[PDB]
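Shown next, in structure tokens, is the structure this report addresses.
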Amino acid sequence: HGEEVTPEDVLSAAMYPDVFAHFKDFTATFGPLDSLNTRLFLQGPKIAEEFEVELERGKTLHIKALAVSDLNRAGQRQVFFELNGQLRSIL
Amino acid sequence: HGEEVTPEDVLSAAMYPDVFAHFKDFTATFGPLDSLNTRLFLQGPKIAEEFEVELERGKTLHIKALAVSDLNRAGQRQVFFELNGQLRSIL
Amino acid sequence: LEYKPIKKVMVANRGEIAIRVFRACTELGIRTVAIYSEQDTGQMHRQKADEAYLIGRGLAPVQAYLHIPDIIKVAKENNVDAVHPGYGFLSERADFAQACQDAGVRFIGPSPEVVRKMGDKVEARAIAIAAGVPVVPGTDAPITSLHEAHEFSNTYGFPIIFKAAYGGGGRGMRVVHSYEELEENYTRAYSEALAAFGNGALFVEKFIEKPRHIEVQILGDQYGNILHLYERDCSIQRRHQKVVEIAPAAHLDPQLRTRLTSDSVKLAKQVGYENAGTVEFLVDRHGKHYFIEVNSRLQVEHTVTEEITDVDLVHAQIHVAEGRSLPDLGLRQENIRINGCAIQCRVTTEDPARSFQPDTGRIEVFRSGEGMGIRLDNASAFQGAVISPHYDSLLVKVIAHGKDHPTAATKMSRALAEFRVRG
Amino acid sequence: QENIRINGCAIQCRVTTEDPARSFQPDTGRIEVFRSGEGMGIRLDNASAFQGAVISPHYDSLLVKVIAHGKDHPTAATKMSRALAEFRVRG
């Protein structure tokens, strides 16, 4: 699971290789953490509420929560989010 | 109330002016009617129930109701619909 | 001389070409009719025309558009004056063409006789031998003995190519260099042809290293007047199929392109074609051209010439279908000219990594990057779009018109960068 | 001066959010339905137009800058009539 891993990360792998694999899996799946507010990271965005997500020195985006649908047929929910000005439906 | 007046319309206004005013106002502010199923006419669609409406000779409208938002702006609830090829939102 | 104007045209397909014809008709003010299958109620074409009607209620979606009688009855009931069959689905069907003539509904395309005469490769070979350009050299008759191949290798040249007839598989493709190799390759080719397949109609042809198939577009009236559109290059092939297209010629000798132009014109005269067609050749490195075949329907890359020549092809098709002659349209050689450099790409929901296999699912986000000289044709692209797993996997076609070939290359690379299709 | 030669005809239009009835008084609001229309001789330029967008009155009301090319003036006029028909901006 190494595609740009660093020798420092090689040291980490030497430390806890199993937890290493778990963290790498989780990171490649859901993306980078440590870009989020503590409250937002733990309890999460509120419905009818908007916040800001910094990515880089300039990559600045915004997210608003619209509503959440109900489980459709097999435990699947549709959630409505508003990006900068565009809309995204997430399953 | 515009040019859409015919002799039968004149007669209808002549016999019953006030209810005709109410009816034309209501149809104008809500669009055409009688193209609805009576279920939709009294009960309206239920969420996660797709249905069909016919408007002209070849004119098919597939409407699926996604979700209903909550009160946000002094009593402005938002609703979400899916037409063939598009998603719409109504306040 | 005969003016029988058009009041309505019916499209018997689905997708980008349906939108093309609908926009052309509404630009000409032609009353439009649209037809959809049960699965394909999510495209934009059904709601883009004026009318939408369902077909093939119980039949398979792949054959849902393949039911002639129902669409015939729909054409009659909606008083359809002319029908256009589009491509791929029923344009190769001679039965549908003769039925279209039977109903009296005008047909957009050639007469059913020409379509039927095309038929198998045998009519094409007979006509090419009778009157036309040389076809790919080799053997008209099958080789069933070592002696035919031995004599043809001795006479023409020791290096020959064994191909198998009555089969599209590439397993019947063998190379011969020497006598001892000749007999062994013939023996094993005969064995595989008779074992994996039936009749071993082996053909001996010349050794070909690099094919480069070049396309010619031809328009005509019903009055015996024929105009070649101009040439197009398709040197790019994944294995046997189009992926990207280059209309203006990369490396073409004006003498050779003139030869191809005159040959295509005279062969269109010989066939007596009446509508849009194309002749594709196959050139070697040395400077010899060879006929391959002719497509009688309107090709996909037709509109590429539309940027080359600043003339519409679907309008010209409408106008000849009315009965007009090309000179009434002012369609003569001198005004049509090369104008710009063109490159063509098509996006497909397929993964180029393992097997170029398509992907199915739901698109999450899509954005448009239309450029200054970048033309976009959208097949099925909208928020929440779902791609059918049984129909085609075409979403967007991108046209780059640049002052130079590298100009279009870099512009359309930037367009690829700006496009975002995730999930 | 000598390499460039006049090629074809073209017509350029700007689509505005002015009430074409009262005084050409510009209107304000939020978009509901957005549909774009492209042809052979059509060219579109999007300023701030997308699904579920918001325009602010602090800036101009320029949505789409459109240029249509043709082989003559009447061809361009007809092409733009068709193109103006093709869009669908509702709300």
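Identifiers in the structure tokens: chain A, B, ... in order shown; residue index from 1 per chain; ligand index from 1 in order shown.
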
Could I have chain B as a PDB file with N, CA and C atoms, in the first residue's frame after it is superimposed on chain A by least squares, pairing all C-alpha atoms in sequence order?
ATOM      1  N   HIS B   1       1.122  -1.023  -0.946  1.00  0.00           N
ATOM      2  CA  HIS B   1       0.138   0.051  -0.877  1.00  0.00           C
ATOM      3  C   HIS B   1       0.641   1.294  -1.591  1.00  0.00           C
ATOM      4  N   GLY B   2       1.222   1.108  -2.767  1.00  0.00           N
ATOM      5  CA  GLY B   2       1.600   2.234  -3.595  1.00  0.00           C
ATOM      6  C   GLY B   2       2.948   2.827  -3.243  1.00  0.00           C
ATOM      7  N   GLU B   3       3.309   3.846  -4.023  1.00  0.00           N
ATOM      8  CA  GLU B   3       4.639   4.437  -4.002  1.00  0.00           C
ATOM      9  C   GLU B   3       4.841   5.427  -2.862  1.00  0.00           C
ATOM     10  N   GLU B   4       3.769   5.904  -2.237  1.00  0.00           N
ATOM     11  CA  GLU B   4       3.885   6.943  -1.222  1.00  0.00           C
ATOM     12  C   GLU B   4       4.522   6.415   0.063  1.00  0.00           C
ATOM     13  N   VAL B   5       5.812   6.096  -0.025  1.00  0.00           N
ATOM     14  CA  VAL B   5       6.600   5.596   1.093  1.00  0.00           C
ATOM     15  C   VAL B   5       7.856   6.449   1.211  1.00  0.00           C
ATOM     16  N   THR B   6       8.149   6.909   2.420  1.00  0.00           N
ATOM     17  CA  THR B   6       9.338   7.687   2.720  1.00  0.00           C
ATOM     18  C   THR B   6      10.062   7.065   3.907  1.00  0.00           C
ATOM     19  N   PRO B   7      11.341   7.405   4.119  1.00  0.00           N
ATOM     20  CA  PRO B   7      12.077   6.782   5.233  1.00  0.00           C
ATOM     21  C   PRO B   7      11.382   6.919   6.573  1.00  0.00           C
ATOM     22  N   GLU B   8      10.775   8.072   6.847  1.00  0.00           N
ATOM     23  CA  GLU B   8       9.999   8.205   8.073  1.00  0.00           C
ATOM     24  C   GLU B   8       8.794   7.276   8.057  1.00  0.00           C
ATOM     25  N   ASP B   9       8.154   7.126   6.896  1.00  0.00           N
ATOM     26  CA  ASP B   9       7.068   6.159   6.779  1.00  0.00           C
ATOM     27  C   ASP B   9       7.576   4.744   7.000  1.00  0.00           C
ATOM     28  N   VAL B  10       8.765   4.441   6.479  1.00  0.00           N
ATOM     29  CA  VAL B  10       9.358   3.126   6.694  1.00  0.00           C
ATOM     30  C   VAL B  10       9.565   2.884   8.179  1.00  0.00           C
ATOM     31  N   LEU B  11      10.085   3.890   8.880  1.00  0.00           N
ATOM     32  CA  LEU B  11      10.306   3.763  10.314  1.00  0.00           C
ATOM     33  C   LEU B  11       8.993   3.555  11.053  1.00  0.00           C
ATOM     34  N   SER B  12       7.970   4.326  10.681  1.00  0.00           N
ATOM     35  CA  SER B  12       6.672   4.211  11.332  1.00  0.00           C
ATOM     36  C   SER B  12       6.088   2.822  11.140  1.00  0.00           C
ATOM     37  N   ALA B  13       6.207   2.275   9.931  1.00  0.00           N
ATOM     38  CA  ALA B  13       5.758   0.909   9.701  1.00  0.00           C
ATOM     39  C   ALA B  13       6.590  -0.084  10.502  1.00  0.00           C
ATOM     40  N   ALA B  14       7.900   0.156  10.594  1.00  0.00           N
ATOM     41  CA  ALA B  14       8.782  -0.772  11.292  1.00  0.00           C
ATOM     42  C   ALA B  14       8.421  -0.880  12.764  1.00  0.00           C
ATOM     43  N   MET B  15       8.181   0.254  13.419  1.00  0.00           N
ATOM     44  CA  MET B  15       7.866   0.204  14.842  1.00  0.00           C
ATOM     45  C   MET B  15       6.477  -0.374  15.083  1.00  0.00           C
ATOM     46  N   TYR B  16       5.484   0.087  14.326  1.00  0.00           N
ATOM     47  CA  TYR B  16       4.088  -0.289  14.553  1.00  0.00           C
ATOM     48  C   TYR B  16       3.447  -0.646  13.222  1.00  0.00           C
ATOM     49  N   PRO B  17       3.564  -1.893  12.801  1.00  0.00           N
ATOM     50  CA  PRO B  17       3.046  -2.277  11.481  1.00  0.00           C
ATOM     51  C   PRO B  17       1.527  -2.244  11.375  1.00  0.00           C
ATOM     52  N   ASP B  18       0.846  -2.906  12.312  1.00  0.00           N
ATOM     53  CA  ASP B  18      -0.586  -3.156  12.164  1.00  0.00           C
ATOM     54  C   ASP B  18      -1.396  -1.866  12.232  1.00  0.00           C
ATOM     55  N   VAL B  19      -1.114  -1.019  13.223  1.00  0.00           N
ATOM     56  CA  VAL B  19      -1.863   0.226  13.329  1.00  0.00           C
ATOM     57  C   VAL B  19      -1.540   1.140  12.161  1.00  0.00           C
ATOM     58  N   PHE B  20      -0.316   1.072  11.633  1.00  0.00           N
ATOM     59  CA  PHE B  20      -0.006   1.840  10.434  1.00  0.00           C
ATOM     60  C   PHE B  20      -0.826   1.356   9.251  1.00  0.00           C
ATOM     61  N   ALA B  21      -0.988   0.040   9.122  1.00  0.00           N
ATOM     62  CA  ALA B  21      -1.838  -0.487   8.065  1.00  0.00           C
ATOM     63  C   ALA B  21      -3.260   0.022   8.219  1.00  0.00           C
ATOM     64  N   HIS B  22      -3.786  -0.037   9.441  1.00  0.00           N
ATOM     65  CA  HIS B  22      -5.136   0.455   9.689  1.00  0.00           C
ATOM     66  C   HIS B  22      -5.250   1.925   9.318  1.00  0.00           C
ATOM     67  N   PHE B  23      -4.262   2.724   9.725  1.00  0.00           N
ATOM     68  CA  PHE B  23      -4.301   4.164   9.507  1.00  0.00           C
ATOM     69  C   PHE B  23      -4.227   4.510   8.025  1.00  0.00           C
ATOM     70  N   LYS B  24      -3.297   3.894   7.291  1.00  0.00           N
ATOM     71  CA  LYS B  24      -3.194   4.182   5.866  1.00  0.00           C
ATOM     72  C   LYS B  24      -4.447   3.732   5.130  1.00  0.00           C
ATOM     73  N   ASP B  25      -4.994   2.571   5.499  1.00  0.00           N
ATOM     74  CA  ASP B  25      -6.225   2.109   4.873  1.00  0.00           C
ATOM     75  C   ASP B  25      -7.349   3.103   5.107  1.00  0.00           C
ATOM     76  N   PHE B  26      -7.476   3.573   6.348  1.00  0.00           N
ATOM     77  CA  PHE B  26      -8.562   4.470   6.710  1.00  0.00           C
ATOM     78  C   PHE B  26      -8.432   5.804   5.986  1.00  0.00           C
ATOM     79  N   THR B  27      -7.217   6.354   5.944  1.00  0.00           N
ATOM     80  CA  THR B  27      -7.002   7.619   5.249  1.00  0.00           C
ATOM     81  C   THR B  27      -7.259   7.475   3.758  1.00  0.00           C
ATOM     82  N   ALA B  28      -6.808   6.369   3.161  1.00  0.00           N
ATOM     83  CA  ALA B  28      -7.059   6.154   1.744  1.00  0.00           C
ATOM     84  C   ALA B  28      -8.550   6.061   1.460  1.00  0.00           C
ATOM     85  N   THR B  29      -9.288   5.331   2.296  1.00  0.00           N
ATOM     86  CA  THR B  29     -10.708   5.151   2.027  1.00  0.00           C
ATOM     87  C   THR B  29     -11.528   6.363   2.436  1.00  0.00           C
ATOM     88  N   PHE B  30     -10.930   7.329   3.131  1.00  0.00           N
ATOM     89  CA  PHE B  30     -11.680   8.496   3.574  1.00  0.00           C
ATOM     90  C   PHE B  30     -11.040   9.821   3.183  1.00  0.00           C
ATOM     91  N   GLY B  31      -9.896   9.801   2.508  1.00  0.00           N
ATOM     92  CA  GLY B  31      -9.248  11.024   2.099  1.00  0.00           C
ATOM     93  C   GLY B  31      -8.446  11.653   3.219  1.00  0.00           C
ATOM     94  N   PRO B  32      -7.941  12.861   2.986  1.00  0.00           N
ATOM     95  CA  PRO B  32      -7.099  13.514   3.991  1.00  0.00           C
ATOM     96  C   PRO B  32      -7.876  13.842   5.253  1.00  0.00           C
ATOM     97  N   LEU B  33      -7.155  13.876   6.369  1.00  0.00           N
ATOM     98  CA  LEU B  33      -7.737  14.281   7.640  1.00  0.00           C
ATOM     99  C   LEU B  33      -6.914  15.410   8.240  1.00  0.00           C
ATOM    100  N   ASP B  34      -7.153  15.725   9.509  1.00  0.00           N
ATOM    101  CA  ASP B  34      -6.471  16.762  10.278  1.00  0.00           C
ATOM    102  C   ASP B  34      -6.773  18.146   9.715  1.00  0.00           C
ATOM    103  N   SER B  35      -7.432  18.239   8.567  1.00  0.00           N
ATOM    104  CA  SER B  35      -7.904  19.506   8.040  1.00  0.00           C
ATOM    105  C   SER B  35      -9.282  19.852   8.573  1.00  0.00           C
ATOM    106  N   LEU B  36      -9.801  19.041   9.484  1.00  0.00           N
ATOM    107  CA  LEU B  36     -11.121  19.214  10.060  1.00  0.00           C
ATOM    108  C   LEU B  36     -11.024  19.933  11.395  1.00  0.00           C
ATOM    109  N   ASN B  37     -12.043  20.728  11.687  1.00  0.00           N
ATOM    110  CA  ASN B  37     -12.216  21.173  13.054  1.00  0.00           C
ATOM    111  C   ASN B  37     -12.617  19.988  13.925  1.00  0.00           C
ATOM    112  N   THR B  38     -12.156  20.010  15.176  1.00  0.00           N
ATOM    113  CA  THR B  38     -12.437  18.898  16.078  1.00  0.00           C
ATOM    114  C   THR B  38     -13.937  18.703  16.260  1.00  0.00           C
ATOM    115  N   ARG B  39     -14.706  19.795  16.216  1.00  0.00           N
ATOM    116  CA  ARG B  39     -16.157  19.668  16.164  1.00  0.00           C
ATOM    117  C   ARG B  39     -16.563  18.737  15.038  1.00  0.00           C
ATOM    118  N   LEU B  40     -16.083  19.023  13.833  1.00  0.00           N
ATOM    119  CA  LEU B  40     -16.406  18.182  12.693  1.00  0.00           C
ATOM    120  C   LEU B  40     -15.779  16.807  12.843  1.00  0.00           C
ATOM    121  N   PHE B  41     -14.614  16.733  13.489  1.00  0.00           N
ATOM    122  CA  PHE B  41     -13.926  15.453  13.589  1.00  0.00           C
ATOM    123  C   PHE B  41     -14.721  14.461  14.423  1.00  0.00           C
ATOM    124  N   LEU B  42     -15.261  14.899  15.557  1.00  0.00           N
ATOM    125  CA  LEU B  42     -16.014  13.974  16.401  1.00  0.00           C
ATOM    126  C   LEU B  42     -17.513  14.062  16.141  1.00  0.00           C
ATOM    127  N   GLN B  43     -18.036  15.277  16.021  1.00  0.00           N
ATOM    128  CA  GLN B  43     -19.482  15.449  15.984  1.00  0.00           C
ATOM    129  C   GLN B  43     -20.004  15.460  14.556  1.00  0.00           C
ATOM    130  N   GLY B  44     -19.230  16.013  13.631  1.00  0.00           N
ATOM    131  CA  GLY B  44     -19.671  16.163  12.267  1.00  0.00           C
ATOM    132  C   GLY B  44     -20.577  17.367  12.135  1.00  0.00           C
ATOM    133  N   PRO B  45     -20.877  17.769  10.906  1.00  0.00           N
ATOM    134  CA  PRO B  45     -21.675  18.981  10.713  1.00  0.00           C
ATOM    135  C   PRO B  45     -23.120  18.756  11.117  1.00  0.00           C
ATOM    136  N   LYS B  46     -23.767  19.837  11.523  1.00  0.00           N
ATOM    137  CA  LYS B  46     -25.192  19.821  11.801  1.00  0.00           C
ATOM    138  C   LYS B  46     -25.927  20.445  10.627  1.00  0.00           C
ATOM    139  N   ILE B  47     -27.088  19.879  10.295  1.00  0.00           N
ATOM    140  CA  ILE B  47     -27.842  20.358   9.148  1.00  0.00           C
ATOM    141  C   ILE B  47     -28.126  21.841   9.304  1.00  0.00           C
ATOM    142  N   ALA B  48     -28.102  22.554   8.178  1.00  0.00           N
ATOM    143  CA  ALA B  48     -28.303  24.000   8.139  1.00  0.00           C
ATOM    144  C   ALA B  48     -27.211  24.727   8.917  1.00  0.00           C
ATOM    145  N   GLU B  49     -26.028  24.119   8.960  1.00  0.00           N
ATOM    146  CA  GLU B  49     -24.844  24.809   9.445  1.00  0.00           C
ATOM    147  C   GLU B  49     -23.799  24.799   8.344  1.00  0.00           C
ATOM    148  N   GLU B  50     -23.487  25.981   7.833  1.00  0.00           N
ATOM    149  CA  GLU B  50     -22.460  26.144   6.819  1.00  0.00           C
ATOM    150  C   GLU B  50     -21.115  26.250   7.520  1.00  0.00           C
ATOM    151  N   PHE B  51     -20.072  25.746   6.874  1.00  0.00           N
ATOM    152  CA  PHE B  51     -18.747  25.803   7.464  1.00  0.00           C
ATOM    153  C   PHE B  51     -17.703  25.893   6.366  1.00  0.00           C
ATOM    154  N   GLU B  52     -16.457  26.056   6.794  1.00  0.00           N
ATOM    155  CA  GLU B  52     -15.335  26.259   5.899  1.00  0.00           C
ATOM    156  C   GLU B  52     -14.238  25.244   6.185  1.00  0.00           C
ATOM    157  N   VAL B  53     -13.605  24.766   5.120  1.00  0.00           N
ATOM    158  CA  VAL B  53     -12.456  23.876   5.216  1.00  0.00           C
ATOM    159  C   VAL B  53     -11.343  24.413   4.328  1.00  0.00           C
ATOM    160  N   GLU B  54     -10.131  24.435   4.870  1.00  0.00           N
ATOM    161  CA  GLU B  54      -8.948  24.882   4.151  1.00  0.00           C
ATOM    162  C   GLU B  54      -8.107  23.660   3.809  1.00  0.00           C
ATOM    163  N   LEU B  55      -7.702  23.544   2.547  1.00  0.00           N
ATOM    164  CA  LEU B  55      -7.007  22.346   2.092  1.00  0.00           C
ATOM    165  C   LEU B  55      -5.578  22.620   1.654  1.00  0.00           C
ATOM    166  N   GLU B  56      -5.326  23.748   1.003  1.00  0.00           N
ATOM    167  CA  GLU B  56      -3.976  24.138   0.600  1.00  0.00           C
ATOM    168  C   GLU B  56      -3.833  25.634   0.858  1.00  0.00           C
ATOM    169  N   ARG B  57      -2.807  26.245   0.267  1.00  0.00           N
ATOM    170  CA  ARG B  57      -2.528  27.657   0.505  1.00  0.00           C
ATOM    171  C   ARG B  57      -3.713  28.544   0.141  1.00  0.00           C
ATOM    172  N   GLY B  58      -4.036  28.665  -1.143  1.00  0.00           N
ATOM    173  CA  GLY B  58      -5.328  29.224  -1.491  1.00  0.00           C
ATOM    174  C   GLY B  58      -6.287  28.125  -1.890  1.00  0.00           C
ATOM    175  N   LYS B  59      -7.085  27.651  -0.933  1.00  0.00           N
ATOM    176  CA  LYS B  59      -8.000  26.536  -1.174  1.00  0.00           C
ATOM    177  C   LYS B  59      -9.093  26.619  -0.113  1.00  0.00           C
ATOM    178  N   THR B  60     -10.228  27.190  -0.485  1.00  0.00           N
ATOM    179  CA  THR B  60     -11.318  27.421   0.446  1.00  0.00           C
ATOM    180  C   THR B  60     -12.516  26.598   0.008  1.00  0.00           C
ATOM    181  N   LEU B  61     -13.106  25.866   0.945  1.00  0.00           N
ATOM    182  CA  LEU B  61     -14.264  25.031   0.670  1.00  0.00           C
ATOM    183  C   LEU B  61     -15.387  25.457   1.602  1.00  0.00           C
ATOM    184  N   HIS B  62     -16.446  26.023   1.039  1.00  0.00           N
ATOM    185  CA  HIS B  62     -17.633  26.393   1.798  1.00  0.00           C
ATOM    186  C   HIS B  62     -18.673  25.296   1.625  1.00  0.00           C
ATOM    187  N   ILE B  63     -18.963  24.570   2.701  1.00  0.00           N
ATOM    188  CA  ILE B  63     -19.872  23.433   2.644  1.00  0.00           C
ATOM    189  C   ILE B  63     -21.101  23.733   3.482  1.00  0.00           C
ATOM    190  N   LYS B  64     -22.273  23.613   2.864  1.00  0.00           N
ATOM    191  CA  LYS B  64     -23.538  23.761   3.568  1.00  0.00           C
ATOM    192  C   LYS B  64     -24.326  22.467   3.440  1.00  0.00           C
ATOM    193  N   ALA B  65     -24.826  21.962   4.561  1.00  0.00           N
ATOM    194  CA  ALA B  65     -25.547  20.695   4.590  1.00  0.00           C
ATOM    195  C   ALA B  65     -27.032  20.977   4.420  1.00  0.00           C
ATOM    196  N   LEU B  66     -27.619  20.462   3.337  1.00  0.00           N
ATOM    197  CA  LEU B  66     -29.011  20.777   3.036  1.00  0.00           C
ATOM    198  C   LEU B  66     -29.970  19.880   3.811  1.00  0.00           C
ATOM    199  N   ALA B  67     -29.926  18.577   3.560  1.00  0.00           N
ATOM    200  CA  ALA B  67     -30.896  17.679   4.167  1.00  0.00           C
ATOM    201  C   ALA B  67     -30.346  16.263   4.160  1.00  0.00           C
ATOM    202  N   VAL B  68     -30.985  15.409   4.955  1.00  0.00           N
ATOM    203  CA  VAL B  68     -30.648  13.997   5.048  1.00  0.00           C
ATOM    204  C   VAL B  68     -31.871  13.191   4.646  1.00  0.00           C
ATOM    205  N   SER B  69     -31.696  12.281   3.697  1.00  0.00           N
ATOM    206  CA  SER B  69     -32.792  11.446   3.237  1.00  0.00           C
ATOM    207  C   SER B  69     -33.031  10.331   4.249  1.00  0.00           C
ATOM    208  N   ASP B  70     -33.801   9.330   3.853  1.00  0.00           N
ATOM    209  CA  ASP B  70     -34.088   8.187   4.700  1.00  0.00           C
ATOM    210  C   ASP B  70     -33.534   6.917   4.070  1.00  0.00           C
ATOM    211  N   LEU B  71     -33.802   5.797   4.732  1.00  0.00           N
ATOM    212  CA  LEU B  71     -33.364   4.499   4.241  1.00  0.00           C
ATOM    213  C   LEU B  71     -34.167   4.156   2.997  1.00  0.00           C
ATOM    214  N   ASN B  72     -33.480   3.846   1.904  1.00  0.00           N
ATOM    215  CA  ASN B  72     -34.171   3.438   0.690  1.00  0.00           C
ATOM    216  C   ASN B  72     -33.753   2.061   0.198  1.00  0.00           C
ATOM    217  N   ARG B  73     -32.459   1.813   0.024  1.00  0.00           N
ATOM    218  CA  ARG B  73     -31.982   0.598  -0.637  1.00  0.00           C
ATOM    219  C   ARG B  73     -31.197  -0.234   0.374  1.00  0.00           C
ATOM    220  N   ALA B  74     -31.919  -1.029   1.164  1.00  0.00           N
ATOM    221  CA  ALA B  74     -31.310  -1.980   2.095  1.00  0.00           C
ATOM    222  C   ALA B  74     -30.275  -1.303   2.988  1.00  0.00           C
ATOM    223  N   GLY B  75     -30.581  -0.082   3.416  1.00  0.00           N
ATOM    224  CA  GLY B  75     -29.674   0.660   4.265  1.00  0.00           C
ATOM    225  C   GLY B  75     -28.763   1.607   3.512  1.00  0.00           C
ATOM    226  N   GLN B  76     -29.324   2.365   2.572  1.00  0.00           N
ATOM    227  CA  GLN B  76     -28.581   3.363   1.802  1.00  0.00           C
ATOM    228  C   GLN B  76     -29.267   4.707   2.004  1.00  0.00           C
ATOM    229  N   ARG B  77     -28.792   5.478   2.967  1.00  0.00           N
ATOM    230  CA  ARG B  77     -29.360   6.797   3.169  1.00  0.00           C
ATOM    231  C   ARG B  77     -28.603   7.830   2.346  1.00  0.00           C
ATOM    232  N   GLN B  78     -29.344   8.765   1.773  1.00  0.00           N
ATOM    233  CA  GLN B  78     -28.761   9.786   0.921  1.00  0.00           C
ATOM    234  C   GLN B  78     -28.679  11.095   1.692  1.00  0.00           C
ATOM    235  N   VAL B  79     -27.658  11.887   1.386  1.00  0.00           N
ATOM    236  CA  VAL B  79     -27.435  13.177   2.018  1.00  0.00           C
ATOM    237  C   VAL B  79     -27.145  14.202   0.933  1.00  0.00           C
ATOM    238  N   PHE B  80     -27.356  15.472   1.266  1.00  0.00           N
ATOM    239  CA  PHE B  80     -27.349  16.555   0.292  1.00  0.00           C
ATOM    240  C   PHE B  80     -26.437  17.676   0.765  1.00  0.00           C
ATOM    241  N   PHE B  81     -25.539  18.126  -0.113  1.00  0.00           N
ATOM    242  CA  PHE B  81     -24.543  19.128   0.231  1.00  0.00           C
ATOM    243  C   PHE B  81     -24.508  20.215  -0.832  1.00  0.00           C
ATOM    244  N   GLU B  82     -24.067  21.405  -0.429  1.00  0.00           N
ATOM    245  CA  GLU B  82     -23.905  22.542  -1.326  1.00  0.00           C
ATOM    246  C   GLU B  82     -22.495  23.090  -1.183  1.00  0.00           C
ATOM    247  N   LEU B  83     -21.758  23.076  -2.288  1.00  0.00           N
ATOM    248  CA  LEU B  83     -20.443  23.670  -2.435  1.00  0.00           C
ATOM    249  C   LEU B  83     -20.592  24.937  -3.266  1.00  0.00           C
ATOM    250  N   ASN B  84     -19.582  25.808  -3.215  1.00  0.00           N
ATOM    251  CA  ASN B  84     -19.686  27.052  -3.968  1.00  0.00           C
ATOM    252  C   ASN B  84     -19.853  26.773  -5.453  1.00  0.00           C
ATOM    253  N   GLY B  85     -21.083  26.924  -5.948  1.00  0.00           N
ATOM    254  CA  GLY B  85     -21.407  26.736  -7.338  1.00  0.00           C
ATOM    255  C   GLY B  85     -22.041  25.399  -7.682  1.00  0.00           C
ATOM    256  N   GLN B  86     -22.080  24.448  -6.753  1.00  0.00           N
ATOM    257  CA  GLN B  86     -22.593  23.127  -7.102  1.00  0.00           C
ATOM    258  C   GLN B  86     -23.396  22.532  -5.958  1.00  0.00           C
ATOM    259  N   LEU B  87     -24.327  21.648  -6.305  1.00  0.00           N
ATOM    260  CA  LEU B  87     -24.999  20.819  -5.319  1.00  0.00           C
ATOM    261  C   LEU B  87     -24.629  19.364  -5.562  1.00  0.00           C
ATOM    262  N   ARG B  88     -24.327  18.654  -4.483  1.00  0.00           N
ATOM    263  CA  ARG B  88     -23.917  17.263  -4.554  1.00  0.00           C
ATOM    264  C   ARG B  88     -24.823  16.417  -3.680  1.00  0.00           C
ATOM    265  N   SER B  89     -24.884  15.133  -3.998  1.00  0.00           N
ATOM    266  CA  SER B  89     -25.629  14.175  -3.201  1.00  0.00           C
ATOM    267  C   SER B  89     -24.778  12.932  -3.008  1.00  0.00           C
ATOM    268  N   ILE B  90     -24.819  12.373  -1.804  1.00  0.00           N
ATOM    269  CA  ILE B  90     -23.955  11.263  -1.425  1.00  0.00           C
ATOM    270  C   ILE B  90     -24.822  10.129  -0.906  1.00  0.00           C
ATOM    271  N   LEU B  91     -24.484   8.902  -1.279  1.00  0.00           N
ATOM    272  CA  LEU B  91     -25.182   7.724  -0.785  1.00  0.00           C
ATOM    273  C   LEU B  91     -24.281   7.007   0.212  1.00  0.00           C
TER     274      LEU B  91
END

Within 9 Å of chain A, which residues of chain C are there when counting only C-alpha atoms? Please give them as a ChimeraX atom specification. /C:364-365,383-384

Any idea what's packed within 9 Å of region 42-48 of chain D, counting only C-alpha atoms, ignoring anything in its chain fewer than 3 positions away? Could you give it as a PyMOL selection string? (chain C and resi 370-375) or (chain D and resi 36-39+53-55+62-70+79-80+83)

Restrict the calculation to only C-alpha atoms, then for each residue of chain D with any atom at most 10 Å from an atom of chain B give the closest atom pair and their distance in Å to one decimal, rows by chain and rising residue number, as JSON lines.
{"residue": "D:32", "atom": "CA", "partner": "B:88", "partner_atom": "CA", "distance": 6.7}
{"residue": "D:33", "atom": "CA", "partner": "B:88", "partner_atom": "CA", "distance": 7.0}
{"residue": "D:34", "atom": "CA", "partner": "B:86", "partner_atom": "CA", "distance": 9.3}
{"residue": "D:35", "atom": "CA", "partner": "B:86", "partner_atom": "CA", "distance": 9.6}
{"residue": "D:51", "atom": "CA", "partner": "B:88", "partner_atom": "CA", "distance": 8.8}
{"residue": "D:52", "atom": "CA", "partner": "B:89", "partner_atom": "CA", "distance": 8.3}
{"residue": "D:91", "atom": "CA", "partner": "B:90", "partner_atom": "CA", "distance": 9.9}

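In this structure, CA of residue 103 (chain C) sits 19.5 Å away from CA of residue 53 (chain C).
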
Which residues in chain A does DSSP call strand (DSSP E or B)? List them as an MDAnalysis selection string. chainID A and resid 47 50:54 60:68 79:82 87:90

If you count only C-alpha atoms, which residues fall within 7 Å of residue 8 (chain D), apart from same-chain ones fewer than 2 positions away, as a ChimeraX atom specification? /D:6,10,70-72

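Comparing D:86, D:19, D:60, D:2 by their smallest distance to chain C, the closest is D:86 (using only C-alpha atoms).
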